[PDB]
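Reading through the structure tokens given below for one structure.
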Amino acid sequence: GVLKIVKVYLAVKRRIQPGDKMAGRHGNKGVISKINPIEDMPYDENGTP
Amino acid sequence: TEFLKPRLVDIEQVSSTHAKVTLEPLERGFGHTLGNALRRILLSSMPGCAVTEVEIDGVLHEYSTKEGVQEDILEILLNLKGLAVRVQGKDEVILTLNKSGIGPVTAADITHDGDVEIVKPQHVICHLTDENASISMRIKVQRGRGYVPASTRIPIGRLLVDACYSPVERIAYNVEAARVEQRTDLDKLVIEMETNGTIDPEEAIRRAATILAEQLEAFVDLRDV
């Protein structure tokens with residue numbers, strides 16, 4: 001029945017947003033609340049957040 | 001009653017990459033206050049010169065691969081995102097990188113137009129495996145602020161890269177005592193910072209003072225209801 005079939009490949013680069021899900025290596029399930037500024041985060045004495 | 005005003009008593013370029021500075025005199029409480037304020041602003045919103053657009057003649061779309069270059073196009077773009085530039089007068093400019101032959105490819109090969117200044121010539125973009133395979137590419141870079149991804153602002157050959165308008169990465173501050181000065185409880189504030197090298201410490205801190213002041217001008221501007 002078909003005379004010709006055409007497929008097309010679309011790339012999408014999805015980075016991150018609130019609600020996405022990630023975890024480590026202990027079953028530590030976790031969704032992400034809110035991407036937040038570097039400046040709101042805590043940091044050590046040497047300043048690295 | 002009075003409140004002695006500090007001065008930028010010291011700037012020192014400890015390394016070609018970065019520096020440290022000092023403010024003196026400061027009195028009790030103001031130390032951590034101004035420390036957090038300055039760190040927050042000096043991390044939050046500064047000028048930038050992040051690369052904006054990249055064109056390559058042989059490239060149709062990003063996710064292809066050119067012959068004679070070992071790494072992916074995307075990896076090359078990420079290396080470019082690792083680039084840092086300095087410009088003085090023009091908000092925008094186009095940089096031109098043309099080179100062929102086997103060997104590494106760092107920023108040193110880009111055209112060296114006057115205001116355009118490379119801060120990290122040693123920053124490698126890629127490597128080339130072919131004696132005759134010329135990467136020839138145009139780089140639109142303009143100023144900006146903060147972080148502008150491609151999806152926000154949004155030609156087929158013109159490939160878009162997210163912006164990273166930030167010249168600094170690490171900031172910290174320390175309070176300490178000053179000399180006797182005929183008056184104790186005087187506080188020296190030492191501010192340590194790490195930058196790619198595209199921003200002078202004095203320029204950054206002066207801009208921080210200006211921006212925070214005009215924010216406080218709103219507190220000065222408090223009127224009516």
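Simple scheme: letters A, B, ... for chains in structure tokens order, numbers from 1 for residues in each chain, numbers from 1 for ligands in the order shown.
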
Using only C-alpha atoms, I'd like every residue of chain B that has an atom within 10 Å of chain A; please write them out as a PyMOL selection string. chain B and resi 36-37+39-44+62-63+169-174+192-193

As an mmCIF file with N, CA, C and O atoms, in the first residue's frame, please: the residues near residue B:55 (cut-off 7 Å, only C-alpha atoms, same-chain neighbours under 3 positions excluded).
```cif
data_model
loop_
_atom_site.group_PDB
_atom_site.id
_atom_site.type_symbol
_atom_site.label_atom_id
_atom_site.label_comp_id
_atom_site.auth_asym_id
_atom_site.auth_seq_id
_atom_site.Cartn_x
_atom_site.Cartn_y
_atom_site.Cartn_z
ATOM 1 N N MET B 137 36.048 29.844 10.840
ATOM 2 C CA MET B 137 34.870 30.036 11.663
ATOM 3 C C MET B 137 34.824 31.449 12.220
ATOM 4 O O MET B 137 35.852 32.044 12.559
ATOM 5 N N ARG B 138 33.605 31.968 12.311
ATOM 6 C CA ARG B 138 33.328 33.313 12.787
ATOM 7 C C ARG B 138 32.629 33.228 14.136
ATOM 8 O O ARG B 138 31.808 32.334 14.361
ATOM 9 N N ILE B 139 32.963 34.150 15.032
ATOM 10 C CA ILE B 139 32.515 34.092 16.417
ATOM 11 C C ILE B 139 31.959 35.457 16.790
ATOM 12 O O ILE B 139 32.721 36.405 17.019
ATOM 13 N N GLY B 157 22.848 27.857 9.067
ATOM 14 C CA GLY B 157 24.237 27.605 9.402
ATOM 15 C C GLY B 157 24.695 28.252 10.688
ATOM 16 O O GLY B 157 25.738 27.869 11.225
ATOM 17 N N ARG B 158 23.944 29.231 11.190
ATOM 18 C CA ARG B 158 24.303 29.936 12.414
ATOM 19 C C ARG B 158 23.820 29.116 13.603
ATOM 20 O O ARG B 158 22.612 28.947 13.798
ATOM 21 N N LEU B 159 24.758 28.609 14.398
ATOM 22 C CA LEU B 159 24.445 27.738 15.521
ATOM 23 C C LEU B 159 24.531 28.515 16.826
ATOM 24 O O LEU B 159 25.476 29.276 17.050
#
```

Write out as a PyMOL selection string which residues come within 12 Å of residue A:13 when counting only C-alpha atoms, dropping same-chain ones fewer than 6 positions away. chain B and resi 62-63+74+149-151+160-162

Might you pull out every residue within 12 Å of residue A:35, with only C-alpha atoms counted and same-chain residues fewer than 4 positions away left off, and present them as a list in words?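 Non-adjacent residues within range: residues 15, 16, 17, 18, 19, 20, 31, 39, 40 and 41 of chain A.
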
Using only C-alpha atoms, which residues sit within 7 Å of residue B:168 once same-chain residues fewer than 3 positions away are excluded, as a list in words?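 After dropping sequence-adjacent residues, the list is residues 194, 195 and 196 of chain B.
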
Do you have the atom CA of residue B:77-atom CA of residue A:36 distance handy?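 Going from atom CA of residue B:77 over to atom CA of residue A:36, I get 25.5 Å.
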
Taking only stretch 25-212 of chain B into account, list the residues labelled alpha helix (DSSP H) by DSSP (computed from the backbone), as a ChimeraX atom specification. /B:30-44,73-81,150-153,201-212

Residues within 8 Å of residue B:50, please, as a VMD selection string. Count only C-alpha atoms; anything in the same chain fewer than 4 positions from it doesn't count. chain B and resid 81 83 to 85 141 to 144 163 to 166

Prev. selection, C-alpha atoms, output as a PDB file, in the first residue's frame:
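Wrote part.pdb, looks like this:
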```pdb
ATOM      1  CA  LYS B  81      32.282  28.296  26.091  1.00  0.00           C
ATOM      2  CA  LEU B  83      36.869  30.892  26.263  1.00  0.00           C
ATOM      3  CA  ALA B  84      37.215  34.334  27.833  1.00  0.00           C
ATOM      4  CA  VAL B  85      37.673  37.631  25.986  1.00  0.00           C
ATOM      5  CA  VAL B 141      30.607  37.888  20.934  1.00  0.00           C
ATOM      6  CA  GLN B 142      28.744  40.721  22.639  1.00  0.00           C
ATOM      7  CA  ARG B 143      28.345  41.950  26.190  1.00  0.00           C
ATOM      8  CA  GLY B 144      25.563  40.906  28.530  1.00  0.00           C
ATOM      9  CA  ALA B 163      25.506  32.529  27.349  1.00  0.00           C
ATOM     10  CA  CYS B 164      27.638  32.428  30.504  1.00  0.00           C
ATOM     11  CA  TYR B 165      28.021  36.131  31.258  1.00  0.00           C
ATOM     12  CA  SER B 166      30.166  35.746  34.371  1.00  0.00           C
TER      13      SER B 166
END
```

Atomic distance atom CA of residue B:210 - atom CA of residue B:115, expressed in Å with one decimal: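 Going from atom CA of residue B:210 over to atom CA of residue B:115 covers 24.9 Å.
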